[PDB]
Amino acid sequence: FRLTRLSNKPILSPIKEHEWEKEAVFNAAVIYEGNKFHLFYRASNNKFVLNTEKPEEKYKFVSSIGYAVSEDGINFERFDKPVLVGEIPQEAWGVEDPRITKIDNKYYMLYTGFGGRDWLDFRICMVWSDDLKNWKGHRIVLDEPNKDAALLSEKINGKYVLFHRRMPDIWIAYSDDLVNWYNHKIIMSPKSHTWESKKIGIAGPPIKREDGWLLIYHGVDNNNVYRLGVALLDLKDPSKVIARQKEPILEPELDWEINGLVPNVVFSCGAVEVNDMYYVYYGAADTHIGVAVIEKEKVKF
């Protein structure tokens, strides 16, 4: 099965007037709480030079997190300043690719913090809220180069569940206290000589179903195209993949998906279940934001 885009034009785009989202808005975390779609999007003040040996001050780019409430989920409302920015020098180049999970009655935002001192100088980072507004308690989740981090919305046997991507696999780990992680296991690997050969990473947090946890994920071919796949995690044991779909659910097809700051990228940091429907919010070409949907009942393996 495939996702279907709602709009064949970006539902959000950069705002050249605001320096902080000047060149890019993409990779957005999203929650459905106030019967509205609460979208937290990566935003860049510059284009992305990636081919240098080390990140260069000449080509510095700063990621930021912007908010965007919407009632129907297609037309959004935005604000003049970011809702999250780097405040310690390990986020010098900013805060990237947030994933938001709410556990008990707190909202947790996992994102990558990038220091620009080298291309490994990035950390999984977490802040938390109780309202989605006042983000306190900054911590580095793992003291290691790692990203594509989400939290499972439930605890499993009283342990918090973190998904991450030690290169190039999707990993699970477990916490007593959201501080120390142990029992790191690989859960899913890239498949060679396919669209998902180079690496894979979780998209948005897994979405609970009756039959398992929905693992929307991205896959990178060895020409660095980002597409989206789908897999199912055992509900009792999210460390086991009980199914996974061969072909992708979303790949670059529109021109603002193929062409843009980093071409041939579709990338989701956030999905939501709304009206028997899944709403998948994907950065396109690391420049704009799109949204695509599936009818819950058409999800089958």
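Just count from 1 along the sequence shown to find any residue number.
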property	result
Residue range whose averaged C-alpha B-factor is higher in the record, 197-205 or 134-142	134-142
Mean C-alpha temperature factor, higher of 10-18 and 279-287	10-18
Residue selected from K106, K147, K191, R117 by maximal Cα B factor	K106
Out of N183, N157, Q90, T112, residue topping the C-alpha B-factor column of the entry	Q90
Record-listed C-alpha B factor of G219: chain third	lowest
Entry-reported Cα temperature factor of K236, expressed as the chain third it lands in	middle
Record-listed C-alpha B factor of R99: chain third	middle
Third of chain Cα B-factors occupied by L178	lowest
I74 CA temperature factor, ranked by third within the chain	highest
